[PDB]
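Here's a solo chain for you in structure tokens, the form deposited in one PDB entry.
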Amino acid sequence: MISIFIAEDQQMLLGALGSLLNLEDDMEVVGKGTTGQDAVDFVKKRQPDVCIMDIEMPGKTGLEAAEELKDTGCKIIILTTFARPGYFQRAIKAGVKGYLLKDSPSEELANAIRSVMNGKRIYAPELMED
């Protein structure tokens, strides 16, 4: 079993992501949050296997939250909608294990969670364009 924390500000999206990951036989969503602070508070206390995390969130951002959980051993996968200047750079500097597009199929996301758990690092070509 692979435990997952999901941090997403978009409530409808946070729901669908949680339902999709839960549907996997080997994964289970153990926590959900709407800001980078909820992710920081949760992984510090409970410490899950993987932390799926949105970038643009009010309060604390996903990049800001990755920067605070740098020395924690939790595998952070970052999800974002738009490739923006400095996002890719800030993510690699934080030591994230994955950097993916939010709307990529659930199969790919589930694969990336299993790949990240097997030490691999998956980054998205579309998010590194220009």
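So that there is no doubt, residue numbering starts at 1 and follows the sequence shown. Each form is matched to the other, and the largest set of C-alpha atoms that superpose within 1.5 Å is called the rigid core.
Another form exists, deposited in another entry; not displayed. Remarks below refer to it.
Here residue 99 does not count as shifted, since its C-alpha moves by less than 2 Å between the shown form and the other one after the core is aligned. With the core held fixed, the Cα of residue 49 is displaced between the shown form and the other one by less than 2 Å. Relative to the superposed core, residue 60 shifts its CA atom by 2 Å or more between the shown form and the other one. In summary, the C-alpha positions of residue 37 and residue 112 diverge in the other form, ending up at least 3 angstroms farther from each other than in this conformation. Cα-Cα spacing of residue 62 to residue 76 is enlarged in the other form versus the present form (difference of at least 3 Å).
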